[PDB]
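Trainee: One file: entry_1.cif (mmCIF, C-alpha atoms).
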```cif
data_data
#
loop_
_atom_site.label_atom_id
_atom_site.label_comp_id
_atom_site.auth_asym_id
_atom_site.auth_seq_id
_atom_site.Cartn_x
_atom_site.Cartn_y
_atom_site.Cartn_z
CA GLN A 22 -1.30 29.54 5.87
CA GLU A 23 -4.01 26.86 6.15
CA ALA A 24 -2.59 24.47 8.76
CA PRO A 25 1.04 24.54 7.54
CA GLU A 26 2.09 22.39 10.51
CA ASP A 27 -0.03 19.52 9.19
CA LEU A 28 1.69 19.98 5.83
CA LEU A 29 5.03 20.35 7.61
CA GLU A 30 4.79 16.88 9.14
CA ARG A 31 3.32 15.42 5.94
CA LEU A 32 5.65 17.26 3.56
CA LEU A 33 8.68 15.76 5.29
CA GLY A 34 6.70 12.53 5.58
CA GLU A 35 6.47 12.56 1.79
CA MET A 36 10.28 12.82 1.82
CA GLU A 37 10.24 9.10 2.60
CA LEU A 38 8.10 8.48 -0.49
CA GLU A 39 11.04 9.85 -2.50
CA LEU A 40 14.20 9.34 -0.44
CA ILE A 41 13.58 5.59 -0.65
CA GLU A 42 13.50 5.90 -4.44
CA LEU A 43 17.12 7.06 -4.46
CA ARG A 44 17.91 4.16 -2.13
CA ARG A 45 16.33 1.79 -4.65
CA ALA A 46 17.45 3.77 -7.70
CA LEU A 47 21.04 4.07 -6.48
CA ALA A 48 21.16 0.32 -5.86
CA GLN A 49 20.08 -0.11 -9.49
CA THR A 50 23.30 1.72 -10.44
CA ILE A 51 25.80 -0.55 -8.65
CA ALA A 52 24.84 -4.13 -9.53
CA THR A 53 25.26 -3.30 -13.21
CA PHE A 54 28.63 -1.74 -12.38
CA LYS A 55 29.64 -4.86 -10.46
CA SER A 56 27.92 -7.11 -13.00
CA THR A 57 29.99 -5.34 -15.64
CA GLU A 58 32.90 -5.70 -13.22
CA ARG A 59 32.17 -9.43 -13.13
CA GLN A 60 31.83 -9.34 -16.91
CA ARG A 61 35.10 -7.41 -16.91
CA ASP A 62 36.43 -10.09 -14.56
CA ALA A 63 35.16 -12.64 -17.07
CA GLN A 64 36.57 -10.55 -19.92
CA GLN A 65 39.98 -10.13 -18.30
CA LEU A 66 39.71 -13.77 -17.23
CA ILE A 67 38.82 -14.53 -20.86
CA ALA A 68 41.89 -12.51 -21.81
CA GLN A 69 43.76 -14.35 -19.07
CA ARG A 70 42.25 -17.55 -20.45
CA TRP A 71 43.62 -16.53 -23.85
CA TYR A 72 46.90 -15.79 -22.08
CA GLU A 73 47.27 -19.53 -21.50
CA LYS A 74 46.43 -20.05 -25.16
CA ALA A 75 49.07 -17.37 -25.78
CA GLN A 76 51.44 -18.65 -23.06
CA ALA A 77 52.34 -22.29 -23.81
CA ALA A 78 51.23 -22.40 -27.46
CA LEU A 79 54.71 -21.16 -28.41
CA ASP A 80 56.26 -24.32 -26.91
CA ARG A 81 58.17 -26.63 -29.30
CA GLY A 82 59.50 -23.51 -31.05
CA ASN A 83 56.36 -22.58 -32.98
CA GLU A 84 54.82 -19.13 -33.39
CA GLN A 85 52.19 -19.38 -36.15
CA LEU A 86 49.42 -20.39 -33.74
CA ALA A 87 50.71 -18.02 -31.06
CA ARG A 88 50.90 -15.33 -33.76
CA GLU A 89 47.11 -15.04 -33.85
CA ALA A 90 46.45 -16.34 -30.32
CA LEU A 91 47.17 -12.86 -28.96
CA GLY A 92 45.39 -11.38 -31.97
CA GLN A 93 42.04 -12.54 -30.62
CA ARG A 94 43.10 -11.23 -27.21
CA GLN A 95 43.70 -7.80 -28.74
CA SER A 96 40.07 -7.73 -29.89
CA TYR A 97 39.12 -8.75 -26.35
CA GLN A 98 41.61 -6.22 -24.99
CA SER A 99 39.82 -3.58 -27.05
CA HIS A 100 36.66 -4.59 -25.21
CA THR A 101 38.63 -4.73 -21.95
CA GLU A 102 40.33 -1.38 -22.55
CA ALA A 103 37.11 0.20 -23.80
CA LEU A 104 34.89 -1.41 -21.17
CA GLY A 105 37.58 -1.19 -18.48
CA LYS A 106 37.72 2.59 -18.78
CA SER A 107 33.92 2.66 -18.61
CA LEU A 108 34.13 1.15 -15.13
CA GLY A 109 36.56 3.85 -14.02
CA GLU A 110 34.25 6.70 -15.00
CA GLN A 111 31.29 4.83 -13.49
CA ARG A 112 33.03 5.09 -10.10
CA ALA A 113 32.49 8.86 -10.08
CA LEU A 114 28.72 8.54 -10.55
CA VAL A 115 28.28 6.00 -7.74
CA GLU A 116 30.51 8.04 -5.42
CA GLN A 117 28.79 11.39 -5.98
CA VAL A 118 25.26 9.98 -5.70
CA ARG A 119 26.09 8.25 -2.42
CA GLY A 120 27.14 11.57 -0.89
CA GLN A 121 23.83 13.06 -2.00
CA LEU A 122 21.84 10.51 0.00
CA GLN A 123 24.27 10.83 2.91
CA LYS A 124 23.85 14.61 2.74
CA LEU A 125 20.11 14.22 2.12
CA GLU A 126 19.54 12.05 5.19
CA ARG A 127 21.98 14.17 7.21
CA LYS A 128 20.20 17.30 5.96
CA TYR A 129 16.67 15.88 5.89
CA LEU A 130 17.05 14.44 9.38
CA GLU A 131 18.43 17.82 10.41
CA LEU A 132 15.53 19.37 8.50
CA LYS A 133 13.20 16.96 10.28
CA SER A 134 15.21 17.45 13.48
CA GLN A 135 14.50 21.18 13.34
CA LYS A 136 11.06 20.51 11.83
CA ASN A 137 9.84 19.46 15.27
CA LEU A 138 11.95 22.25 16.77
CA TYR A 139 9.99 24.71 14.63
CA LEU A 140 6.91 22.90 15.90
CA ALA A 141 8.49 22.81 19.37
CA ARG A 142 8.74 26.60 19.47
CA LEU A 143 5.38 26.74 17.69
CA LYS A 144 3.69 24.95 20.58
CA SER A 145 5.79 27.07 22.94
CA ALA A 146 4.59 30.05 20.91
CA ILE A 147 1.05 28.70 21.23
CA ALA A 148 1.70 28.21 24.95
CA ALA A 149 3.22 31.70 25.11
CA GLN A 150 -0.01 32.99 23.51
CA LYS A 151 -2.90 30.97 24.95
CA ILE A 152 -1.82 32.06 28.44
CA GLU A 153 -2.67 35.72 27.82
CA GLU A 154 -5.90 34.99 25.93
CA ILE A 155 -7.96 34.22 29.04
CA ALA A 156 -5.93 36.66 31.15
CA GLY A 157 -6.64 39.48 28.72
CA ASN A 158 -10.30 38.57 28.24
CA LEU A 159 -11.03 38.57 31.98
CA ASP A 160 -9.15 41.82 32.61
CA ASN A 161 -11.43 44.82 32.19
CA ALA A 162 -8.65 47.17 31.02
CA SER A 163 -10.79 49.91 32.67
CA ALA A 164 -13.00 50.07 29.54
CA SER A 165 -16.03 48.09 30.72
CA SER A 166 -14.65 47.89 34.28
CA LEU A 167 -17.52 45.51 35.05
CA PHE A 168 -15.63 44.43 38.20
CA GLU A 169 -15.62 48.01 39.53
CA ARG A 170 -18.29 49.66 37.37
CA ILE A 171 -20.77 47.31 39.03
CA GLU A 172 -19.16 48.13 42.38
CA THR A 173 -19.56 51.85 41.67
CA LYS A 174 -23.12 51.02 40.62
CA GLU B 126 24.63 -8.97 -31.21
CA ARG B 127 27.90 -7.47 -29.98
CA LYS B 128 26.56 -4.00 -30.82
CA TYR B 129 22.92 -4.63 -29.90
CA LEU B 130 23.91 -6.21 -26.59
CA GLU B 131 26.19 -3.23 -26.07
CA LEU B 132 23.29 -1.05 -27.19
CA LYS B 133 21.06 -2.95 -24.78
CA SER B 134 23.91 -2.99 -22.25
CA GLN B 135 23.99 0.81 -22.31
CA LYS B 136 20.22 0.93 -22.83
CA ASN B 137 19.76 0.07 -19.15
CA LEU B 138 22.73 2.31 -18.36
CA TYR B 139 20.84 5.18 -19.99
CA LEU B 140 17.90 4.04 -17.88
CA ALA B 141 20.29 3.53 -14.96
CA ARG B 142 21.36 7.17 -15.05
CA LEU B 143 17.75 8.07 -15.88
CA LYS B 144 16.56 6.61 -12.58
CA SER B 145 19.60 8.17 -10.93
CA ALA B 146 18.57 11.39 -12.67
CA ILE B 147 15.04 10.81 -11.37
CA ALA B 148 16.54 10.09 -7.96
CA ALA B 149 18.75 13.18 -8.31
CA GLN B 150 15.55 15.17 -9.04
CA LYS B 151 12.80 13.77 -6.82
CA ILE B 152 14.98 14.51 -3.78
CA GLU B 153 14.78 18.29 -4.26
CA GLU B 154 11.08 18.31 -5.20
CA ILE B 155 9.82 17.92 -1.64
CA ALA B 156 12.81 19.81 -0.22
CA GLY B 157 12.08 22.78 -2.47
CA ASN B 158 8.32 22.68 -1.92
CA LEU B 159 8.64 22.74 1.87
CA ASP B 160 11.26 25.50 1.87
CA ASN B 161 9.64 28.93 1.98
CA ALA B 162 12.44 30.67 0.04
CA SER B 163 11.44 33.75 2.11
CA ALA B 164 8.57 34.46 -0.33
CA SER B 165 5.61 33.14 1.68
CA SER B 166 7.82 32.56 4.75
CA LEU B 167 4.82 30.82 6.33
CA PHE B 168 7.21 29.29 8.89
CA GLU B 169 8.34 32.75 10.06
CA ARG B 170 5.60 34.98 8.63
CA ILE B 171 3.21 33.17 10.97
CA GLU B 172 5.79 33.55 13.74
CA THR B 173 6.01 37.28 13.04
CA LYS B 174 2.20 37.25 13.01
CA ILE B 175 2.32 36.00 16.60
CA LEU B 176 5.21 38.39 17.31
CA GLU B 177 2.63 41.19 17.11
CA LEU B 178 0.74 39.81 20.11
CA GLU B 179 3.71 39.63 22.49
CA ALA B 180 4.03 43.38 21.99
CA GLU B 181 0.33 43.83 22.81
CA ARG B 182 0.81 42.40 26.30
CA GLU B 183 3.98 44.47 26.62
CA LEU B 184 1.80 47.44 25.67
CA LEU B 185 -0.55 46.59 28.53
CA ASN B 186 1.96 44.98 30.88
CA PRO B 187 4.52 47.70 31.69
CA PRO B 188 7.88 46.36 30.50
CA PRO B 189 10.69 46.90 32.99
CA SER B 190 12.02 50.31 32.06
CA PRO B 191 15.68 51.25 32.61
CA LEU B 192 14.36 53.28 35.54
CA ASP B 193 12.41 50.23 36.72
CA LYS B 194 15.44 48.06 36.00
CA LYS B 195 17.53 50.44 38.10
CA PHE B 196 14.82 50.39 40.77
CA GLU B 197 15.01 46.60 41.06
CA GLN B 198 18.77 46.70 40.47
CA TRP B 199 19.15 49.37 43.15
CA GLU B 200 16.58 47.54 45.28
CA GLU B 201 18.44 44.28 44.68
CA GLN B 202 21.63 46.06 45.73
CA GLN B 203 19.66 47.52 48.65
CA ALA B 204 18.42 44.03 49.52
CA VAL B 205 21.94 42.67 49.04
CA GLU B 206 23.40 45.43 51.23
CA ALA B 207 20.52 45.38 53.71
CA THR B 208 20.44 41.60 54.14
CA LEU B 209 24.19 41.30 54.71
CA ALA B 210 23.92 44.09 57.29
CA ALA B 211 21.47 42.02 59.33
CA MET B 212 24.03 39.20 59.38
CA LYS B 213 27.15 41.01 60.61
CA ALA B 214 24.92 42.51 63.30
CA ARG B 215 23.77 38.96 64.04
CA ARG B 216 27.37 37.75 64.29
CA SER B 217 28.20 40.49 66.80
#
```
Translate this file's structure into structure tokens.
Mentor:
Amino acid sequence: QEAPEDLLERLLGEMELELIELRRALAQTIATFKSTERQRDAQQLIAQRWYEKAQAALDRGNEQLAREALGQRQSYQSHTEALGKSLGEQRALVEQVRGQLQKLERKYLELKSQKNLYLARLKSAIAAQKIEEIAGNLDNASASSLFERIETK
Amino acid sequence: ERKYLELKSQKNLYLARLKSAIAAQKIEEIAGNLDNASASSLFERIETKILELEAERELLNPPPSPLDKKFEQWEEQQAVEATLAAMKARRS
């Protein structure tokens, strides 16, 4: 009740002290995902690199070396399969959080869009009030009637 | 190292979702605080506080009664009918 309008402007103003944090915090979520993606790219490239070790090593009609060449890849595939599926689930978190900020800004801007509208009608309400204050004060209302009481005097 | 790096790889991921969790929380803190939730309603309670005064003037200022509305409505019709009468007479 004590100057809410000052709080109103400041309370939404403090929304920038926090909405930016999601902007920064959300960004902290993606580079690791893409860094892991690059590491996945390196891992799959490492697996692809081992594909060459497991591609032409069989040449000359040998298999002993190629027998284990893929064996190391399987251990890397376990990382790829295990880490690869981690990337897939990570997509949900980045997607959902982005909508929050989109909704937040869309809602907060709408909140702040109607914030001034609430203030807009507030000042209109103040304007719709201050007009009668002097008009009422001057008017005698026939109680004191000091515009006619003095005349009758 | 494979496990510790993975541990430390997900260590920041736990922190990554932690900051996302912080981000997913700090957003509502100001939003909730500003919102009245109709308890204090100091965005409308104050409006309803002013809404008392507009009735005060209406208590002093005579609001246009249905009789008064008919008076002006009938008078407006009278003015509409009277004014157009002065024209057709003017045309003739």
Trainee: For each of B:162, B:209, B:148, B:138, take the minimum atom-to-atom distance to chain A, counting all atoms listed in the file, then give the residue where this is smallest.
Mentor: B:148
Trainee: Could you tell me which residues the PyMOL selection byres ((chain B) within 6 of (chain A)) returns for this structure, as a list in words?
Mentor: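 Residues picked by the PyMOL selection byres ((chain B) within 6 of (chain A)): residues 141, 144, 145 and 148 of chain B.
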Trainee: Given the file above and the PyMOL selection byres ((chain B and resi 174-176) around 12), which residues are selected, and can you give them as a PyMOL selection string?
Mentor: (chain A and resi 22+142-151) or (chain B and resi 166-173+177-183)
Trainee: With distances taken over only C-alpha atoms, which of A:98, A:166, A:85, A:137 is nearest to residue 71 (chain A)?
Mentor: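 Smallest distance to residue 71 (chain A) is found for A:98.
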Trainee: Output the residue selection produced by the PyMOL selection byres ((chain A and resi 72) around 12) on the file above, formatted as a PyMOL selection string.
Mentor: chain A and resi 64-71+73-79+87+89-95+97-98
Trainee: CA of residue 197 (chain B) and CA of residue 212 (chain B) are how many Å apart?
Mentor: 21.7 Å
Trainee: How many Å lie between CA of residue 55 (chain A) and CA of residue 104 (chain A), rounded to one decimal?
Mentor: 12.4 Å
Trainee: May I ask for the distance between CA of residue 119 (chain A) and CA of residue 61 (chain A), given in Å to one decimal place?
Mentor: 23.2 Å
Trainee: I'd like the box whose edges run along x, y and z of the file and which contains every listed atom of region 152-171 of chain B, padded by 3 Å per side; could you state its centre and edge lengths in Å, one decimal, as lines of an AutoDock Vina configuration file?
Mentor:
```
center_x = 9.1
center_y = 24.7
center_z = 2.9
size_x = 17.8
size_y = 26.5
size_z = 22.2
```
